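Take a look at the structure set out below.
There are 2 protein chains.
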Amino acid sequence: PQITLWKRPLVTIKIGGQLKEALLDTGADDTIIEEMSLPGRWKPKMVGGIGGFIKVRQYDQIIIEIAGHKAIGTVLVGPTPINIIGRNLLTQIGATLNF
Amino acid sequence: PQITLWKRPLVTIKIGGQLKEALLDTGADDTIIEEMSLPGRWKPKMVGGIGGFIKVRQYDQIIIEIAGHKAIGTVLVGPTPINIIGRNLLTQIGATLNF
Ligand SMILES: CC(C)CN(CC(O)(O)[C@H](Cc1ccccc1)NC(=O)O[C@H]1CO[C@H]2OCC[C@H]21)S(=O)(=O)c1ccc(N)cc1
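In order, the protein sequence lines correspond to chains A and B. Residue numbering for the first sequence follows PDB author numbering, beginning at 1 and increasing consecutively. Residue numbering for the second sequence follows PDB author numbering, beginning at 101 and increasing consecutively.
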């Protein structure tokens with residue numbers, strides 16, 4: 001699909017058995033998901049943006065379905081105000097920015 | 101152009117007669133630029149990002165050239181870690197997300 005940007009580019013994602021809404025975000029290096037339980041081992045990490053830094057749990061090799069498309073990668077879990085799909089997973093689904 | 105996302109999508113912008121680098125950011129509603137002097141009156145705005153809220157100055161009807169494309173619109177100025185081009189100006193240059 002070709003997504004115009006008059007509105008936030010929100011899509012449905014499936015992660016750890018749950019269905020969620022998330023933002024397709026070319027400005028995000030990594031994917032960040034709101035507080036949830038995911039299986040496996042994790043490591044703590046700090047992620048910085050506007051307003052400062054937040055502490056997140058880094059999970060590796062997680063499978064996510066993005067708009068019907070299977071992708072695997074690192075997922076950061078923490079107190080984010082919005083679920084964000086960042087470049088680590090956008091590349092896997094072949095997303096491009098075009099103008 | 102068609103831009104892939106293996107690397108940050110950085111472009112050159114020209115604002116206030118200066119050349120600067122900025123991130124094309126579909127996850128940003130607004131365009132936010134680091135501290136610099138712009139003409140005219142400004143208005144106050146609060147911007148909420150991943151780590152908290154920041155106060156910025158809002159300037160309207162600012163001419164900015166984005167990777168060679170001329171856009172005219174609202175720019176926010178404040179302590180952002182990186183210049184960000186958000187959807188308000190991405191739509192002016194006709195950018196879309198495709199996959
Ligand atoms: C600051 C830039 C370099 C990075 N951000 C991504 C984002 O797309 O720039 C962010 C994604 C985001 C969206 C909404 C809430 C929180 C984060 N939006 C954002 O800060 O936008 C600001 C300006 O415009 C307003 O609209 C959105 C919120 C304001 S970030 O969320 O801090 C971020 C940083 C690191 C990683 N791995 C993932 C995300």
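Beta carbons are placed, not taken as given, at the ideal position from N, Cα and C, and that holds for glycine.
For this session: Would you decide whether B:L138 is buried or exposed? Buried here means 16 or more other CB atoms lie within 10 Å of its CB.
Result: Here residue 138 of chain B is taken as the residue at index 38 of the second sequence, counted from 1. Counting Cβ neighbours within 10 Å, B:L138 comes out exposed, since fewer than 16 surround it.
For this session: Anything in the segment 102-124 of chain B with a Cβ closer than 9 Å to a Cβ of chain A? List those residues in chain order, please.
Result: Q102, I103, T104, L105, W106, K107, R108, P109, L123, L124
For this session: Measure the CB-CB distance between B:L105 and A:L90 and report whether it falls below 8 Å.
Result: The residue you call residue 105 of chain B lines up with position 5 of the second sequence. The residue you call residue 90 of chain A lines up with position 90 of the first sequence. Going by C-beta atoms, B:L105 is nearer than 8 Å to A:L90.
Exercise. How far does the alpha helix (DSSP H) with A:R87 in it reach, from first residue to last?
Worked result: Position 87 of the first sequence, counted from the first residue, corresponds to residue 87 of chain A. Element bounds for A:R87: 87-90.
Exercise. Over what stretch of residues does the beta strand (DSSP E) that includes residue 103 of chain A continue unbroken?
Worked result: Residue numbering for chain A in the displayed model covers 1 to 99; residue 103 of chain A lies beyond these limits and cannot be assessed.
Exercise. To which residues does DSSP link B:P144 through a beta bridge?
Worked result: Taking the second sequence and counting its residues from 1, the one referred to as residue 144 of chain B is at position 44. Answer is B:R157, bridged to B:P144.
Exercise. Can we count A:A95 as close to ligand 1, meaning its CB is less than 7 Å from some heavy atom?
Worked result: Residue numbering aside, residue 95 of chain A sits at position 95 when the first sequence is read from its first letter. Incorrect: A:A95 has no Cβ contact closer than 7 Å to ligand 1.
For this session: Would you check if the distance between the CB atom of A:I32 and the CB atom of B:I154 is smaller than 8 Å?
Result: On the first sequence, residue 32 of chain A is found 32 positions in, with the first residue counted as 1. On the second sequence, residue 154 of chain B is found 54 positions in, with the first residue counted as 1. Contact flag unset, no.
Exercise. Where do the ends of the beta strand (DSSP E) carrying residue 278 of chain B lie?
Worked result: Outside the displayed range of chain B (101 to 199) lies residue 278 of chain B, so it cannot be described from this structure.
For this session: Counting only the same chain and skipping the five closest in sequence on each side, list residues whose C-beta sits under 6 Å from that of A:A71.
Result: What you label residue 71 of chain A is simply residue 71 of the first sequence in a count that begins at 1. Within the same chain, A:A71 has close Cβ partners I64, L89, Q92, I93.
Exercise. Using a Cβ-Cβ cut-off of 6 Å (strictly less than) and excluding sequence neighbours within five positions of A:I15, which residues of its own chain qualify?
Worked result: Numbered from 1 along the first sequence, position 15 holds the residue referred to as residue 15 of chain A. These residues qualify, in order along the chain: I64.
For this session: Anything in the segment 51-82 of chain A with a Cβ closer than 8 Å to a Cβ of chain B? List those residues in chain order, please.
Result: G51, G52, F53, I54, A67, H69, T80, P81
Exercise. Given that A:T26 touches chain B, what residues does it touch there, using C-beta distances under 9 Å?
Worked result: Stepping through the first sequence from its first residue, residue 26 of chain A is reached at position 26. Those are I103, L105, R108, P109, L123, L124, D125, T126, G127, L197, listed as they occur along chain B.
For this session: Pick out whichever of B:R187, B:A195, B:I182 has its Cα sitting closest to the Cα of B:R108.
Result: Translated into positions along the second sequence, residue 108 of chain B becomes position 8. Ranking B:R187, B:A195, B:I182 by Cα distance to B:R108 puts B:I182 first.
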